[PDB]
Amino acid sequence: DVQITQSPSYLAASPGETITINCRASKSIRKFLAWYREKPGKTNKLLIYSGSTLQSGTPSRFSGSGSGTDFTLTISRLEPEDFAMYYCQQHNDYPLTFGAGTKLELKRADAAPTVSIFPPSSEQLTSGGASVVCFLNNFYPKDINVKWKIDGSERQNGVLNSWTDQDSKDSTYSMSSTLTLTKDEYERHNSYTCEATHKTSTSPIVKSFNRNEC
Amino acid sequence: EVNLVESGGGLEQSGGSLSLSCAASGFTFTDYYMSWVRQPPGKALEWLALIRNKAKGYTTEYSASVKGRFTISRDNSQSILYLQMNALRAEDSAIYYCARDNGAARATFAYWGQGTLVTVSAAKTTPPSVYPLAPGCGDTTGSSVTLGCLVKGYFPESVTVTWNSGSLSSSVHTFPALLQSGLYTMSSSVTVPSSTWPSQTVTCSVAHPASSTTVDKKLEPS
Amino acid sequence: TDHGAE
């Protein structure tokens, strides 16, 4: 089957700027490469087909070219609706096959996370479980590491980390980290800490609670 | 005015069969090639099957990847495309899209639906538990307070969380769901002014259509 | 008029 290698996987840019994506096929596809845009809430949009032909409804600031194995998409003078996921697809032969995608995200200034920690709720403790939650909110860029400690010992098992897609309004990311314990384990320990390390500082942002306080 | 609407997705166990539909409108159905393409949670798009137009006798093509297990067909009078899925397995879990060509390049996808979610799993339809996340123990400072709800142990996807509030503009983050111990958990946060809280009510309203559950959880201080 | 696979 034709394998297509799409690169880069991630791009950051601002409105009015230009980006380029490459797609390389494992064997010749003649000129027959198409490009699509995917956005949550919308249906996928065909941008270009046959390497360089604009699909109706695609603005002239989209340019594609190539033949054989190596193709390129360039989007110039970017507009807000262009910040989205892009895929290429060969349409020379069956099976029809896709690149793995490029996420074009909106550039903004770096921002440290706002970190909040929450003990297990009385409600959850009553039901017999215990989860400790840390929100790392409104930061940029996306990469961040969270470390949990219980009574000063790092804990890795039982941790669920979930990132939002880039915020529609302020262009940040947020991540929720949930440490799921058991009721008995929670009751055996007093100190719970979550530590966020982000490029905005060499020092982690630390939030903690101690059951001996409240 | 082209529209494609998939239906028929839902929860199935491994081993059985499911059939999806795609209702097409806004164009001459019989003139176009129709396809199914899927996309698992974390993965690539994967073309599955194509059926040609009347001019080509409605012949088909399939991806060998699914080992013949799916059959594409079209009901031309009703403008409905079908995908019959046999011998289901967990790896078939994905959003399933129908698509129509651009009228020239017959193997491109000019129009897509929003998709239908297919879940193949041993886990059973289960409503969420919703737990409030509010300050009370240790520090309490700042001009803004962050609140949340932990939505744990539901199946299948999806849930929607709606916060009220009202007038105050707040700021909400909805965190995507993850599996743990065979069930989904997700969470949601909101930030309100310290000047509003806790005297004004804040509620997270959690809807899980699969189990017909809605939980309105009031956030109270600890 | 050759637009690829058909």
# chains A, B, ... in the order shown; residues from 1 in each chain; ligands from 1
>>> select_by_dssp(residues="stretch 138-206 of chain B", states="strand (DSSP E or B)", output="JSON, numbers by chain")
{"B": [144, 145, 146, 147, 148, 149, 150, 151, 152, 153, 154, 155, 160, 161, 162, 163, 164, 172, 173, 174, 175, 176, 177, 178, 179, 180, 183, 184, 185, 186, 187, 188, 189, 190, 191, 192, 193, 203, 204, 205, 206]}
>>> write_last_selection(atoms="N, CA and C atoms", output="tab-separated table (two decimals), in the first residue's frame")
chain	number	residue	atom	x	y	z
B	144	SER	N	-9.90	35.28	42.25
B	144	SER	CA	-10.62	34.27	41.48
B	144	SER	C	-10.52	32.92	42.16
B	145	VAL	N	-11.59	32.14	42.06
B	145	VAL	CA	-11.69	30.85	42.71
B	145	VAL	C	-11.88	29.85	41.60
B	146	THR	N	-11.14	28.75	41.62
B	146	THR	CA	-11.31	27.69	40.63
B	146	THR	C	-12.10	26.55	41.23
B	147	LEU	N	-13.17	26.16	40.54
B	147	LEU	CA	-14.04	25.07	40.94
B	147	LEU	C	-14.02	24.00	39.87
B	148	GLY	N	-14.49	22.79	40.20
B	148	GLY	CA	-14.57	21.76	39.17
B	148	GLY	C	-15.52	20.64	39.52
B	149	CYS	N	-15.69	19.73	38.56
B	149	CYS	CA	-16.41	18.51	38.79
B	149	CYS	C	-15.64	17.36	38.18
B	150	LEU	N	-15.53	16.27	38.94
B	150	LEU	CA	-14.89	15.03	38.51
B	150	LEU	C	-16.03	14.08	38.12
B	151	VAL	N	-15.99	13.58	36.91
B	151	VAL	CA	-17.05	12.75	36.35
B	151	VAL	C	-16.44	11.39	36.07
B	152	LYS	N	-16.74	10.42	36.92
B	152	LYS	CA	-15.98	9.19	36.98
B	152	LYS	C	-16.86	7.96	36.75
B	153	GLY	N	-16.31	6.98	36.06
B	153	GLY	CA	-16.90	5.65	35.98
B	153	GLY	C	-18.12	5.48	35.08
B	154	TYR	N	-18.13	6.20	33.97
B	154	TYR	CA	-19.24	6.06	33.02
B	154	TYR	C	-18.82	5.33	31.75
B	155	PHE	N	-19.83	4.85	31.04
B	155	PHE	CA	-19.61	4.14	29.78
B	155	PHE	C	-20.89	4.03	28.96
B	160	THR	N	-21.68	15.51	28.47
B	160	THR	CA	-21.57	16.95	28.30
B	160	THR	C	-21.67	17.59	29.70
B	161	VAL	N	-20.80	18.56	29.98
B	161	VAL	CA	-20.87	19.31	31.24
B	161	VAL	C	-21.20	20.76	30.90
B	162	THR	N	-22.22	21.29	31.58
B	162	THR	CA	-22.73	22.64	31.39
B	162	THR	C	-22.70	23.33	32.76
B	163	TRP	N	-22.06	24.49	32.87
B	163	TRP	CA	-22.01	25.19	34.15
B	163	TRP	C	-23.00	26.38	34.19
B	164	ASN	N	-23.69	26.56	35.32
B	164	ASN	CA	-24.43	27.81	35.67
B	164	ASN	C	-24.17	28.27	37.14
B	172	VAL	N	-14.43	28.24	31.43
B	172	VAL	CA	-14.58	26.77	31.54
B	172	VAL	C	-13.54	25.98	30.71
B	173	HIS	N	-13.05	24.90	31.30
B	173	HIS	CA	-12.17	23.94	30.61
B	173	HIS	C	-12.86	22.60	30.73
B	174	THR	N	-13.06	21.90	29.61
B	174	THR	CA	-13.62	20.56	29.57
B	174	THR	C	-12.52	19.61	29.15
B	175	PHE	N	-12.12	18.73	30.05
B	175	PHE	CA	-11.00	17.85	29.80
B	175	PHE	C	-11.49	16.56	29.14
B	176	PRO	N	-10.83	16.15	28.06
B	176	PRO	CA	-11.25	14.92	27.37
B	176	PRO	C	-11.20	13.67	28.25
B	177	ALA	N	-12.13	12.77	28.00
B	177	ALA	CA	-12.22	11.52	28.74
B	177	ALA	C	-11.09	10.52	28.49
B	178	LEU	N	-10.76	9.77	29.53
B	178	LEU	CA	-9.73	8.72	29.52
B	178	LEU	C	-10.28	7.47	30.20
B	179	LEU	N	-9.91	6.29	29.72
B	179	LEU	CA	-10.26	5.03	30.37
B	179	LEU	C	-9.36	4.76	31.56
B	180	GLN	N	-9.96	4.24	32.61
B	180	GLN	CA	-9.26	3.77	33.82
B	180	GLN	C	-10.17	2.72	34.43
B	183	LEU	N	-13.62	2.00	32.58
B	183	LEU	CA	-14.67	3.00	32.44
B	183	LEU	C	-14.03	4.35	32.20
B	184	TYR	N	-14.79	5.27	31.62
B	184	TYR	CA	-14.31	6.62	31.38
B	184	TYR	C	-14.37	7.54	32.59
B	185	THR	N	-13.34	8.38	32.71
B	185	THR	CA	-13.41	9.54	33.60
B	185	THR	C	-12.99	10.80	32.85
B	186	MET	N	-13.68	11.89	33.15
B	186	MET	CA	-13.33	13.22	32.61
B	186	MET	C	-13.51	14.20	33.73
B	187	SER	N	-13.13	15.44	33.47
B	187	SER	CA	-13.36	16.50	34.48
B	187	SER	C	-13.60	17.80	33.76
B	188	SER	N	-14.05	18.78	34.53
B	188	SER	CA	-14.32	20.12	34.04
B	188	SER	C	-14.06	21.11	35.15
B	189	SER	N	-13.48	22.26	34.78
B	189	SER	CA	-13.27	23.37	35.69
B	189	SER	C	-13.87	24.65	35.21
B	190	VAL	N	-14.11	25.53	36.16
B	190	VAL	CA	-14.61	26.87	35.91
B	190	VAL	C	-13.98	27.80	36.95
B	191	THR	N	-13.83	29.05	36.58
B	191	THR	CA	-13.24	30.03	37.46
B	191	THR	C	-14.27	31.15	37.60
B	192	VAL	N	-14.55	31.51	38.84
B	192	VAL	CA	-15.47	32.61	39.15
B	192	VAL	C	-14.80	33.63	40.08
B	193	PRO	N	-15.27	34.88	40.08
B	193	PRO	CA	-14.73	35.85	41.04
B	193	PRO	C	-14.97	35.51	42.49
B	203	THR	N	-23.34	25.54	39.71
B	203	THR	CA	-23.76	24.15	39.50
B	203	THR	C	-23.10	23.59	38.24
B	204	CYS	N	-22.54	22.37	38.31
B	204	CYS	CA	-22.19	21.66	37.08
B	204	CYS	C	-23.24	20.65	36.73
B	205	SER	N	-23.73	20.72	35.51
B	205	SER	CA	-24.80	19.86	35.05
B	205	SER	C	-24.18	18.85	34.06
B	206	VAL	N	-24.23	17.58	34.44
B	206	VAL	CA	-23.55	16.53	33.69
B	206	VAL	C	-24.55	15.62	33.04
>>> interface_residues(of="chain C", to="chain B", cutoff="7 Å", atoms="only C-alpha atoms", output="ChimeraX atom specification")
/C:3-6
>>> write_last_selection(atoms="N, CA, C and O atoms", output="PDB file, in the first residue's frame")
ATOM      1  N   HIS C   3      -8.163  12.256 -13.433  1.00  0.00           N
ATOM      2  CA  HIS C   3      -8.176  12.896 -12.117  1.00  0.00           C
ATOM      3  C   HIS C   3      -7.769  11.874 -11.047  1.00  0.00           C
ATOM      4  O   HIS C   3      -8.086  12.064  -9.884  1.00  0.00           O
ATOM      5  N   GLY C   4      -7.063  10.801 -11.427  1.00  0.00           N
ATOM      6  CA  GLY C   4      -6.600   9.814 -10.452  1.00  0.00           C
ATOM      7  C   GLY C   4      -7.422   8.544 -10.468  1.00  0.00           C
ATOM      8  O   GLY C   4      -8.047   8.178 -11.493  1.00  0.00           O
ATOM      9  N   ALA C   5      -7.410   7.841  -9.352  1.00  0.00           N
ATOM     10  CA  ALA C   5      -8.204   6.622  -9.179  1.00  0.00           C
ATOM     11  C   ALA C   5      -9.700   6.921  -9.401  1.00  0.00           C
ATOM     12  O   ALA C   5     -10.203   8.021  -9.138  1.00  0.00           O
ATOM     13  N   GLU C   6     -10.393   5.933  -9.949  1.00  0.00           N
ATOM     14  CA  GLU C   6     -11.786   6.055 -10.279  1.00  0.00           C
ATOM     15  C   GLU C   6     -12.429   4.691 -10.050  1.00  0.00           C
ATOM     16  O   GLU C   6     -11.912   3.880  -9.281  1.00  0.00           O
TER      17      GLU C   6
END
>>> closest_residue(among="B:16, B:221, B:40, B:156", to="residue B:92", atoms="only C-alpha atoms")
B:40
>>> interface_residues(of="chain B", to="chain A", cutoff="6 Å", atoms="only C-alpha atoms", output="list in words")
residues 44, 63, 107, 110, 112, 113, 114, 137 and 175 of chain B
>>> write_last_selection(atoms="C-alpha atoms", output="CSV table (one decimal), in the first residue's frame")
chain,number,residue,atom,x,y,z
B,44,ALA,CA,-5.0,8.3,11.8
B,63,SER,CA,-9.4,-1.8,2.3
B,107,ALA,CA,-11.4,9.1,-5.1
B,110,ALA,CA,-15.5,16.8,-0.9
B,112,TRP,CA,-18.2,14.4,5.0
B,113,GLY,CA,-20.6,13.9,7.8
B,114,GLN,CA,-20.0,14.7,11.5
B,137,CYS,CA,-9.1,23.1,53.4
B,175,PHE,CA,-11.0,17.9,29.8
>>> atom_distance(atom1="atom CA of residue A:179", atom2="atom CA of residue A:112")
21.8 Å
>>> atom_distance(atom1="atom CA of residue A:65", atom2="atom CA of residue A:84")
20.7 Å
>>> residues_around(residues="residue B:220", least_positions_apart="3", cutoff="9 Å", atoms="only C-alpha atoms", output="number ranges by chain")
B: 132-136, 198, 201-202
>>> write_last_selection(atoms="N, CA, C and O atoms", output="mmCIF file, in the first residue's frame")
data_model
loop_
_atom_site.group_PDB
_atom_site.id
_atom_site.type_symbol
_atom_site.label_atom_id
_atom_site.label_comp_id
_atom_site.auth_asym_id
_atom_site.auth_seq_id
_atom_site.Cartn_x
_atom_site.Cartn_y
_atom_site.Cartn_z
ATOM 1 N N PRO B 132 -17.974 17.002 43.410
ATOM 2 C CA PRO B 132 -17.643 18.431 43.405
ATOM 3 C C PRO B 132 -16.178 18.674 43.813
ATOM 4 O O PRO B 132 -15.648 17.968 44.668
ATOM 5 N N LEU B 133 -15.552 19.668 43.202
ATOM 6 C CA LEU B 133 -14.170 20.043 43.505
ATOM 7 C C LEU B 133 -14.210 21.522 43.878
ATOM 8 O O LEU B 133 -14.387 22.363 43.038
ATOM 9 N N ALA B 134 -14.074 21.823 45.159
ATOM 10 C CA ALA B 134 -14.212 23.192 45.605
ATOM 11 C C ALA B 134 -13.166 23.421 46.669
ATOM 12 O O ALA B 134 -12.738 22.468 47.302
ATOM 13 N N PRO B 135 -12.726 24.661 46.846
ATOM 14 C CA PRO B 135 -11.833 24.958 47.959
ATOM 15 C C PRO B 135 -12.544 24.839 49.310
ATOM 16 O O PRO B 135 -13.778 24.990 49.425
ATOM 17 N N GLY B 136 -11.732 24.535 50.320
ATOM 18 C CA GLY B 136 -12.094 24.785 51.710
ATOM 19 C C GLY B 136 -10.999 24.528 52.742
ATOM 20 O O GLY B 136 -11.042 25.106 53.833
ATOM 21 N N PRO B 198 -18.627 32.191 48.086
ATOM 22 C CA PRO B 198 -19.669 31.190 47.754
ATOM 23 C C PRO B 198 -21.139 31.619 47.830
ATOM 24 O O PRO B 198 -22.029 30.765 47.838
ATOM 25 N N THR B 201 -24.790 30.811 43.668
ATOM 26 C CA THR B 201 -24.813 29.386 43.334
ATOM 27 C C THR B 201 -24.013 29.074 42.069
ATOM 28 O O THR B 201 -24.175 29.733 41.073
ATOM 29 N N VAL B 202 -23.178 28.044 42.140
ATOM 30 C CA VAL B 202 -22.564 27.469 40.935
ATOM 31 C C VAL B 202 -22.879 25.983 40.867
ATOM 32 O O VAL B 202 -22.703 25.270 41.835
#
>>> residues_around(residues="residue A:77", least_positions_apart="5", cutoff="6 Å", atoms="only C-alpha atoms", output="NGL selection string")
:A and (16-18)
>>> residues_around(residues="residue B:17", least_positions_apart="5", cutoff="10 Å", atoms="only C-alpha atoms", output="number ranges by chain")
B: 12, 69-70, 84-89
>>> closest_residue(among="A:144, A:29, A:111, A:78", to="chain C", atoms="only C-alpha atoms")
A:29
>>> select_by_dssp(residues="stretch 5-214 of chain A", states="helix (DSSP H, G or I)", output="list in words")
residues 80, 81, 82, 122, 123, 124, 125, 126, 127, 183, 184, 185, 186, 187 and 188 of chain A
>>> atom_distance(atom1="atom CA of residue B:37", atom2="atom CA of residue B:98")
6.4 Å
